[PDB]
Each structure stands twice: as C-alpha cells, then as structure tokens.
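Chains as they are written, first to last, in full-length UniProt numbering: chain A, 299 to 338, 348 to 718; chain B, 299 to 338, 350 to 716. C-beta atoms are modelled at their ideal positions from N, C-alpha and C, and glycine is treated no differently. These notes concern the structure reproduced below.
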Ligand code: HEM
Ligand code: HEM
Ligand SMILES: Nc1ccc2ccc(CNCCCc3cncc(F)c3)cc2n1
Ligand SMILES: Nc1ccc2ccc(CNCCCc3cncc(F)c3)cc2n1
Ligand SMILES: C[C@H](O)[C@H](O)[C@H]1CNc2nc(N)[nH]c(=O)c2N1
Ligand SMILES: C[C@H](O)[C@H](O)[C@H]1CNc2nc(N)[nH]c(=O)c2N1
Ligand SMILES: [Zn+2]
C-alpha cells in the first residue's frame, strides 16, 4: 500500500511506504480521529520478536542483514532472554536505538539533527549520587558554553518494574512554581506540584520567580534523593528587546538548555525509564508557550501595557502584537549571548527538507501536524501547508506516568 | 467507547457520546492518522432517509409518533415508487442547519441555528439560478450587517441533470497569468478565470476583478452572469496607524459565500447549495493576503515598514502579518461590515463546544482547521482537545464540474 502527501503551497507530492513498518496503535479509528488528544514488567513471551525486529533493523542499517554476525547476535539474544528473561544491548545497538527513537519522534520539528546525538551510556549506574554525577556531565557537555550539542544519557533499563531508575523532574533545568495563600502563583505555574514535592523532600526554596529546581533522582527503585545542579553549570539568558529598553526591567530570563527527563525510551522491547535528553530551543517554546500561555508566566498584559497598545478590544490584536515583540526579544537575547537557538521559520523550513529527504531515503517520515506547526504564525511557515502522516515506529520515546503517582515509598 | 476531551489551559473535561452516532469514515486507521490530509440506489437510500427522519422526529419530541411512523411510511413508498423522495420544507431547513452544525471544520458554528434557508428547488434554468443567487447575496449582505444564508437548488436525480455553481465562492477575484511569468490577481483562480474567458468573459485584467457567475442548471452547459456591482460590498483596506497602507491598493469583499460544496440530507444530494456567513479576519489577512501561492504581499508590506528582512530571526514576517491583520479588521469595522477577529471567534467556539457537549453529548471538531492560522496558542482552541468525526446531514466536497461535465 502506497500513501501520498501533498504540499498545498508547492504541489510537491510524496509517497509513503514507511507506514507499513508501523506496528503500534494511533488512537484513531475509521470512525474517529484523535489527532488532537495530548495522550491517547514485560514477558519473555512478547519480548523476543521485539528484539528480533530491532536487530533486523539494526543489521540492515549497517548492511549486514543475514550475516553470520547478524545470525549469531539473534542467537545470543534469544538464549539470553530465555535464560535471564531480558537482554543487554551492545553499545552500537544502544546508540543506534537512541538516534532512531529521536528520528521516529513524529512530534519533533528538529529531527533534521537526529543523526548527531551524543549518547552517554549510564547503564553501569547504581545510585542517585551516581545519577547526579552523570547528569552534571551531560549538562556541561550539552551546554558547551552556549554552543549547544544534542545529547542523551541512558540509565539502566527496567527489570521487574520494581527497581526503576527515574528522573522525577520533567526537565533537568526548570523554574520552581509556588502557590500563594492568595491563590496567585509565584514562578512557573507548570511546576507547582513538583516544587511542592521537592520542598517536602527537604529542598529549601528561595521562593523567587526564577528558582532553578533541584534534581529529584530515583535509582534502582529506591526513594528519590535531592541534588542541586552546580549553578556554574546552569547557563541562563537575561531577556531584553533590541528596540524596547523597558523590556529588561520586566525581569525575565530563561535557561539555555531544554532537557526533557521524564520520557521512556523503548528499544527492542527494552524500557529505559530514565533517559534525559537535550537539544536546543526553538524560540517559540519560550516566547509563545512558556511566557505567554495563560497557565504559565502569562506576561502578555504587562508587555502590552508597557507597549501602550489599545487593550480595550481584542480586535486591536494587542495580544498578537505583544506576542511577536516577546518572541523577537527571546531570539535577540539568545543570539546576543551566543546561546544556540533557532527561530520557527528556520526550524520549519529545515524540517520540510528533512522530511522530503526522509521520504526519498527512508520511504516516509512520520509527523504530527498538530505539534509540528509552531504556536504562532502558523501559515507563514511551510509546515502548515504540508500534509503529514502520523504513525508510530520503534525505537521510540513514550510518555510514562509521573513517578510520584506510582512510586512505592520505602521510607 | 465514551470519550473524554480535556482543555489543558482550564482543566475542563467534557465527555463525548455523540461520536457513537457517526456513520461515515474518517480516513484514519489504528495504524495511521490522516488528520492533516486536506481530502481523505433505492436500497442504499431508505436507511439514510430513515436515519434522518428519526433524528428530525426526535428533535421535535415526536419520536415514535403516528406522524413519525406515517412520514417514514410515506417516504418509504415514495422511494419504492420514484427511486427518490422529496423533503418537506421543515425537513429541508432542519437538514441544512444541521449540516452546518455538523461541519467539524467550522469555527463559527455557535451561529448554526440562525440560518436563513432559501428553497430554490423550483428552479429550472441558469437565469433562474442567477436570480436566486442575486437575492441571496443582497439578503446576506444586508448593507453590511451580514446574515447567514443558504440557497438550495434541486437535488441530484441521475447525475446527468446536476445543478452546479462553477465558482468556488459567489464572489471572488480574477487570476491572470502574465507573459511576465508572474500572476496578476488571485493565483488560486487562474484556472477558473481561464474557463470564464474560454466561455466568453471579458476580463478587465485588474488585480481585483470580481469574477462572473458560471451557472449550470439541470445538467446543461453553464452560462456567464455578472453580479450587479451594487450588490457586491467591498472594503478598501487601510491601516489605523500607517498612512501608506492605502497605497498598496488592497481591498476585499465582505461576503464569504462558498458555492462548490455538496449538501447531503437523508441520502439526498444537493450539488448546488451556495452558503454564506461572515469573515473571520485571518481568512483574508493571513491566508488570502499572506499565503505564498495567493496575493503574497508580506515582502512589499515589510519593505514599506522598513524592517530588517535580512534574517528570519528578526520575525519581520510575523510583525507585518500582525499589522496586515490589524488593518483588515480595522477596515471592515470602520465601514460597518460584519467581521470577527480570531480571538472573539475561538472564544465563541469554546462556549459552543460547552453547549454542544451539554445539550447534544458532543461536538465534532477538526483541530487542524479550527485553530487560526496565526497566533495559535494565544487562542483558547489551541489548548482544547477535539474529537473529529463525521455526522450527517453534512457539507461534502465534490469534484470541480469542468473535470466532470459532458459538454
Ligand atoms: C536539537 C534541537 C531540537 C529542537 C529545536 C527540537 C524541537 C522540538 C519542539 C519545538 C518540540 C515540541 C515540544 C513542545 O512543544 O512541548 C519537540 C518535541 C519532541 N522532541 Fe525535539 N527538538 C530538538 C532535539 C531533540 C532531541 C535531541 C530529542 C531526543 C533525542 C528530541 C525528541 C523529541 C521528542 C520525543 C518530542 C515529543 C515530546 C512530547 O511528545 O512531549 N528532540 N522538539
Ligand atoms: C457566520 C459566521 C461564520 C464564520 C465566522 C465561519 C468561519 C469559518 C472558517 C474560518 C472556516 C475555515 C475556512 C477556511 O479556512 O477555508 C470555516 C469552514 C467551514 N464553514 Fe464556517 N463560518 C461561518 C458560517 C458558516 C455557514 C453559514 C456555513 C454553512 C451553512 C458554514 C460551513 C462551513 C463548512 C462546511 C466549513 C468547512 C469548509 C471546508 O471543509 O472546506 N460556515 N468556517
Ligand atoms: N527544543 C526541544 C527539544 C526537545 C523537546 C522535547 C520535548 C519537549 C516538551 N514536551 C512537553 C510536553 C508537555 C506536556 C504537558 N501536558 C501534557 C502533555 F502530554 C505534555 C520540548 C522539547 N524542546
Ligand atoms: N467565513 C467563512 C464561513 C464559511 C466558510 C466555508 C468555507 C470556506 C473555505 N473553504 C475552502 C477550502 C479551500 C480548499 C482548497 N483546496 C483544497 C481543499 F480541501 C480546500 C470559508 C468559509 N469562511
Ligand atoms: C489539545 C492540543 O493537542 C494541545 O494543546 C497541543 C497542540 N499542539 C501542540 N504542539 C506543541 N509543539 N506542543 C504542545 O504542547 C501542543 N499542545
Ligand atoms: C496541510 C494542511 O492540512 C492544510 O494546510 C490545512 C491546515 N489547516 C487549515 N485550516 C483552515 N481553516 N483552512 C485551511 O485551508 C487549512 N489548511
Ligand atoms: Zn486521526
């Protein structure tokens, strides 16, 4: 079965065969589309074909499919599964797996970079202190004084689901949020619940608007432990505007390194529940979502006031106007401080070329339009006009439940 | 089987039961989502009639009534005899309002019950069609106080006697391909503008020439008609801050009147059912004005603003896009032509969703189309999970008639 996608701006038509390799379910049926829904202990029984599928992919990629090395490896894994009920990935397979999970991430606009990913093997890690050490090294390497480098650090895979390694933070670097008695929120409202946990765990909160959260790290299924990232490792950028000088006095800054730490990495049926990864920011992540979402820092009004816009009618588009200036400021501040960032025009144009390249070399590129299209200025980016096919390939990054809801407390 | 949708900005969760009524296919499968794809007999007919009449009669609290059963019986006999059937005026109006109600891609559906339905099933000629359309246009325009309307021409019979309006909208601007290689006017309509000229039209060859109607009655060849200019309300576009904006020479028409869709009610097909509401500002300022394959004016506007167009990172395109859209709203408001901004309209749609979930058990919605083409996440719909599914009665796309027409 062949499937066609059309760019309605260029009339470029692409053919997808890659979707045939898809196994996992989408959430959709012939009767309903769940394309806009945010989120729609494994036996030896199910595990071997998953290993086999992966190793078949891996060995094809290296042009050794059906080789003796291929065959012996399958043999080795089968035996190791039935003997030990799981198996260990070679370093080569781990690196291949991590890169392909990123490559397969249909919601990621930055995938043109997928083959440049620094993989840190942390499978020899046993304690939370060991995790802190690995994470510091990741942050230092990835930050690279502003010249960001994509990286991922991979802790030991799940075994019985009772000894999971987990990073309790959603991102390695993130600002605290504090609910006040008056109902107002100080800092990042997105992080109130997690901040509360940290505090309960013993964190002494400065209670400021931009307090970098401590790391809450769980090794081998034990209770999580608190650590503070050395501040000298946390690269931050003061936000100013190139024309508006009052903008600095808004008191805004952000961190340079976006590093998602709550996802699960699946490779050949193995589950890596702690696999923090990092790239660099697209400007709108901060300027549109982090700053301007009503449920986040929500600075639209204060900015618009300071710009003296007509705020009595939405049809003045005062919100749209303030939104643009803020995003200009975010990009200006990062570029000025030589911290890697990409605007949403550059990023989406790159994605289209990547996607076209993927269709030719790979036979497809799964993509989630709802997520690929930037949260401002949608149709003046080329992805808006691009038809996309969303489907699930493995290796993959998956959501997992927040550890505080599942964790069995030792005390 | 009972689905939940969540708004992530408000944490409001709605439960959808309405989707279980759905009958037509989405194009998606368990293995692949096609949510961003633009286009995914007697025995056939009675269950369709029946499904429709059941909902009609349920809607008026007469489910399982004699009148219900009688009507079911009557239509059943008429199909058996005639191989088709005719809708009662009441059913036609209900059906049209509900096709709109069910249009999962329409953000303006809070207005769905206030639709003026013009029954043009007695029409036999293109001149007749012209007359009805002029009347529609005048009524809907209402000197700038726009009112939603649909005019419904005779239903398909054997596919050989189709009523079709060839224009994609009642009112649209011409598109000419220059020797210069460029495109003057609206590039979207270059092909249609040709077919007009091929049929006899005389183009002023301007940037903004109101296209003539090409009307097909009873399967016959289509004929040209010029809409009386006095019926076409247009808005010259100015900016409430930039005095130079007027010199761009931009204008747009007030009446968005889609004419190429197919209205399906109770299995019956209305191939000619032009309808109109009023504009959301971004349709014109973002899509019509700033799409690359359209009027594509971003560059010229940016220059006039003297922005640093060297690097994408100055967000000069974004800056201009806003101002352009400010001007569109400003112009329509100034001249008292109905228009709604994307903030007001999406806020309205959230309220409408609430109502539909509460009173109907759900509201089919296509997020990809509902979220405006600018400033997406500062409108509430971006944060709103939506379920997309197909209910009938419906508006459907249909082939362009020149690819079909047996001349
Ligand atoms: C190098 C620069 C990168 C850029 C500019 C970029 C850009 C983005 C953006 C804007 C999103 C949407 C996230 C949101 O709005 O919440 C996203 C999602 C995602 N990215 Fe990338 N990314 C980059 C690197 C990476 C890397 C290194 C990985 C993993 C190895 C990755 C994996 C993912 C995944 C799994 C998602 C989906 C997240 C979710 O569903 O919550 N990305 N990316
Ligand atoms: C009265 C104010 C109305 C507003 C503000 C409005 C708004 C919109 C917008 C912005 C779109 C997206 C169209 C595009 O981007 O091309 C749309 C689509 C649509 N509208 Fe509405 N509309 C209104 C009235 C109506 C009426 C009266 C009908 C029919 C009786 C209707 C039926 C539809 C349908 C079927 C679509 C999907 C069209 C397609 O799939 O191409 N709308 N609407
Ligand atoms: N620049 C980058 C690179 C990779 C990224 C990978 C992931 C992300 C953020 N994903 C956040 C999802 C937040 C969320 C909140 N509520 C419900 C959800 F399902 C998801 C941002 C990224 N930014
Ligand atoms: N303000 C309104 C009201 C109702 C509307 C109903 C429909 C429309 C426009 N739909 C046209 C879609 C254009 C298109 C072009 N190529 C392929 C497509 F599937 C669709 C605009 C409306 N605007
Ligand atoms: C309801 C909807 O799916 C949700 O708001 C999505 C929309 N698209 C998105 N796109 C990106 N990149 N990130 C997001 O968080 C979201 N949120
Ligand atoms: C490729 C994609 O499906 C296409 O560009 C869609 C996106 N969303 C849209 N949304 C609206 N309202 N109108 C459109 O024409 C489109 N086009
Ligand atoms: Zn789908």
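- DSSP places residue 303 of chain B within a strand segment (E or B) once states are collapsed to three.
- Neighbours of residue 602 of chain A in chain B, taken as residues at a C-beta separation under 7 Å, are given in chain order as 307.
- Using a Cβ-Cβ cut-off of 9 Å, residue 639 of chain A counts as an interface residue toward chain B, since at least one Cβ of chain B sits closer than that to its own.
- Around the beta carbon of residue 545 of chain B, a 10 Å sphere encloses fewer than 16 other beta carbons of the protein chains shown; the residue is thus reported as exposed.
- Only 676, 677, 682, 683 from the segment 655-683 of chain B bring a Cβ to less than 7 Å from some Cβ of chain A.
- By the CB criterion at 9 Å, residue 416 of chain B and residue 458 of chain B fall outside the cutoff.
- For residue 425 of chain B, the secondary structure class from DSSP, reduced to helix, strand or coil, is strand.
- Relative to the non-hydrogen atoms of ligand 4, the Cβ of residue 658 of chain B never comes closer than 8 Å to any of them.
- At least one beta carbon of chain B lies nearer than 9 Å to the beta carbon of residue 652 of chain A.
- Judged by beta-carbon spacing, residue 580 of chain A lies beyond the 9 Å limit of residue 693 of chain B, meaning their Cβ atoms are not closer than that value.
- In the three-state reduction of the DSSP assignment, residue 697 of chain B falls in the strand class, which pools E and B.
- At least one CB of chain B lies nearer than 9 Å to the CB of residue 698 of chain A.
- For residue 401 of chain B, the three-state secondary structure derived from DSSP is helix.
- For secondary structure counted as the beta strand (DSSP E) over 3 or more consecutive residues, the segment 570-635 of chain A holds these complete runs in sequence order: 571-574, 577-579.
- Taking 8 Å as the cut-off, the C-beta of residue 676 of chain B does not count as close to any heavy atom of ligand 1.
- When the five nearest sequence neighbours on each side are left out, the beta carbons in the same chain lying within less than 7 Å of the beta carbon of residue 516 of chain B are those of 493, 494, 558, in order along the chain.
- Pairing residue 564 of chain B with residue 479 of chain B gives a Cβ-Cβ distance under 9 Å.
- The beta carbon of residue 623 of chain B sits closer than 6 Å to those of 617, all from its chain and outside the five residues before and after it, given in chain order.
- The segment 443-520 of chain B is shown to contain whole beta strand (DSSP E) runs of 3 or more residues at 458-461, 484-486, 492-494, in chain order.
- Interface flag for residue 548 of chain A against chain B is unset, since no Cβ pair is found closer than 9 Å.
- Less than 9 Å separates the beta-carbon of residue 477 of chain A from that of residue 569 of chain A.
- Rounded to whole angstroms, the gap between the alpha carbons of residue 524 of chain A and residue 536 of chain A is 12 Å.
- Taking 9 Å as the cut-off, the Cβ atoms of residue 662 of chain B and residue 674 of chain B count as close.
- Proximity to residue 689 of chain A across A/697, A/698, A/679 peaks at A/679, based on C-alpha coordinates.
- In the structure shown, residue 545 of chain B adopts extended strand secondary structure according to DSSP, grouped into three states.
- Neighbours of residue 631 of chain A in chain B, taken as residues at a C-beta separation under 7 Å, are given in chain order as 624, 627, 628, 631.
- In the DSSP assignment, residue 534 of chain B forms a beta bridge with B/522.
- Residue 552 of chain B and residue 514 of chain A have their C-alpha atoms roughly 49 Å apart.
- The residue among B/658, B/588, B/572 with its C-alpha nearest the C-alpha of residue 405 of chain B is B/572.
- With fewer than 16 other CB atoms across the displayed protein chains lying within 10 angstroms of its CB, residue 299 of chain B is exposed.
- Apart from sequence neighbours up to five positions away, the residues of its chain that approach residue 466 of chain A with a beta-carbon distance below 8 Å are 393, ordered along the chain.
- Taking all protein chains shown into account, residue 372 of chain B has fewer than 16 neighbouring C-beta atoms within 10 Å of its C-beta and is therefore exposed.
- Cα atoms of residue 447 of chain B and residue 540 of chain B: separation of roughly 6 Å, rounded to the nearest angstrom.
- Non-local beta-carbon contacts of residue 640 of chain B in its own chain, meaning distances under 6 Å to residues more than five positions away in sequence, involve 544, 546, 547 in chain order.
- Counting along the chain, residue 311 of chain A sits inside the beta strand (DSSP E) bounded by residues 311-314.
- Per DSSP, residue 355 of chain B is one residue of the alpha helix (DSSP H) stretching across 351-368.
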